[PDB]
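Taking the form deposited in one PDB entry, here's one chain by itself in structure tokens.
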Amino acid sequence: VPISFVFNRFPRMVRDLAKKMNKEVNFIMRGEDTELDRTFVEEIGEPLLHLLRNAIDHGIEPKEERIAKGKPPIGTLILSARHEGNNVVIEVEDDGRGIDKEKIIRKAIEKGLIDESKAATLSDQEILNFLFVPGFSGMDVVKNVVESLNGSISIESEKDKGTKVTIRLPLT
């Protein structure tokens, strides 16, 4: 089943959200011929739509803010699919404001999930994986779907640079 069956509905959703949110977004899709099982195609749309929404709302900054920070004025959102062996890898990348890891740590300490003492030596992945804790901010819901497809998800993010969410699906 080509993934384009899912990806083809996204330019409309992205442009509707950009408009309602007053962002300017350059949306690029790559790898849309990538084939995978019908069950995956039927289920992956919801979690991707959530990731695209997060990027437009929380990641990409309004154009005035990007200019004020010396970034290219219009933010860019790239959705990509490819094969890596017998697995399909889907990426959602934006060049927005990124995730503030300090805020994550503060929030985790408030919620009683980590000691201040242990926050100093947390890895980058340890910190960002708090976002998957249920009720932390829902990245939990994204992970729940990916998990039910026997996939995995990771986040990479750096403040002011942007965010890349990666989803790895088995052949099934």
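Quick note: we count residues from 1 along the sequence shown, nothing fancier. Only residues modelled in both forms are compared. Throughout, rigid core stands for the largest set of C-alpha atoms superposing within 1.5 Å between the two forms.
What follows is about the form deposited in another entry, which we do not show.
**Student:** If you fit the rigid core between this form and the one not shown, which of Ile56, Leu48, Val146, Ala108 ends up with a C-alpha shift of 2 Å or more?
**Tutor:** Only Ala108 moves by 2 Å or more at its C-alpha.
**Student:** After fitting the rigid core, is the C-alpha of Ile28 off by 2 Å or more between this form and the one not shown?
**Tutor:** The answer is no; the displacement is under 2 Å.
**Student:** State yes or no: after fitting on the rigid core, is the Cα displacement of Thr39 between this form and the one not shown at least 2 Å?
**Tutor:** No, because once the rigid core is superposed, the C-alpha of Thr39 moves less than 2 Å between this form and the one not shown.
**Student:** Which consecutive stretches of at least 3 residues differ between this form and the one not shown by 2 Å or more at every CA, rigid core held fixed, listed in sequence order?
**Tutor:** The runs that move are 100-124, 134-137.
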